[PDB]
Amino acid sequence: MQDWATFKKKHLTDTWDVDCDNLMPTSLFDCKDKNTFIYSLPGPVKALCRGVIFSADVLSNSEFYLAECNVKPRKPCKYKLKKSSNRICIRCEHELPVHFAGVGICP
């Protein structure tokens with residue numbers, strides 16, 4: 001369903017501060033409930049998946065900065081930026097984590 005390019009705009013970012021109020025109303029976000037970005041390059045991040053071929057859940061070993069966006073309640077598609085430091089659990093296949101399993105721990 002999703003690919004590495006989707007996870008790129010979904011969890012990969014090239015800046016700590018992201019523009020969520022402008023991307024949320026697009027066709028990629030379609031006004032989602034919340035998102036979680038990471039401050040790092042796709043070379044070393046995807047390098048972790050370098051070897052995975054089938055779908056599997058992996059948790060990042062290195063902690064990076066995370067710029068997430070939560071849609072405030074009782075508001076017409078309004079995002080709020082939140083910065084933090086932690087690892088992420090993702091489903092990787094074909095050496096590309098396309099889905100987000102969770103953060104810190106994986107249920």
- Note on the structure: Flagged pairs (Cβ under 6 angstrom, 6 or more apart or on separate chains; first in the stretch 64-82, without any contact (Cβ under 8 Å) to a residue 24 or more places away in the chain and farther than 19 Å from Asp30 by Cβ; second among the charged types (D, E, K, R) and not in a loop (DSSP other than H, G, I, E, B)) are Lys82/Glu68
- Query: When you go through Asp57, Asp21, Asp33 one by one, which is the residue that is surrounded by fewer than 15 Cβ atoms within 10 Å (Cβ to Cβ), of a type outside the set (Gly, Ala, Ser) and under 16 Å from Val98 (Cα atoms)?
  - Reply: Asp57
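Consider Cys77 carefully, then state whether it is surrounded by 12 or more Cβ atoms within 10 Å (Cβ to Cβ), out of contact with any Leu (no Cβ under 6 Å at 6 or more places or on another chain) and on the phi > 0 side of the Ramachandran plot.
Working: surrounded by 12 or more Cβ atoms within 10 Å (Cβ to Cβ): yes; out of contact with any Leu (no Cβ under 6 Å at 6 or more places or on another chain): yes; on the phi > 0 side of the Ramachandran plot: yes.
The answer is yes for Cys77.
Out of the residues in the stretch 57-72 that are in a loop (DSSP other than H, G, I, E, B) and not hydroxyl-bearing (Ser, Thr, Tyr), which is nearest to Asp33 (Cα to Cα)?
Going through the stretch 57-72, the residues in a loop (DSSP other than H, G, I, E, B) turn out to be 60-63, 72.
Then keep just the ones that are not hydroxyl-bearing (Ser, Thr, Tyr); that gives 61, 63, 72.
Details: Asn61: 27, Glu63: 24, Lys72: 9 Å.
For the stretch 57-72, the residue satisfying everything is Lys72.
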- Of (1) in contact (Cβ under 8 Å) with a residue 12 or more places away in the chain; (2) of a type in the set (D, E, K, R); (3) within 26 Å of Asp30 (Cβ to Cβ), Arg87 satisfies all except one. Which? (3)
- Give just the number: which of (1) charged (D, E, K, R); (2) closer than 25 Å to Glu93 by Cα; (3) touching a residue at least 60 places away in the same chain (Cβ under 8 Å) does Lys32 not satisfy? (3)
- Could you tell me which residue of the stretch 90-103 is farthest from the chain's Cα centre (by Cα), considering only residues that are surrounded by fewer than 18 Cβ atoms within 10 Å (Cβ to Cβ) and either in a strand (DSSP E or B) or free of Cβ contacts under 8 Å to residues at least 24 places away in the same chain (or both)? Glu93
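Virtual Cβ from ideal backbone geometry, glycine too; neighbours counted across all protein chains shown. The numbers here are math on the coordinates, done by the rules we state, and not lab data.
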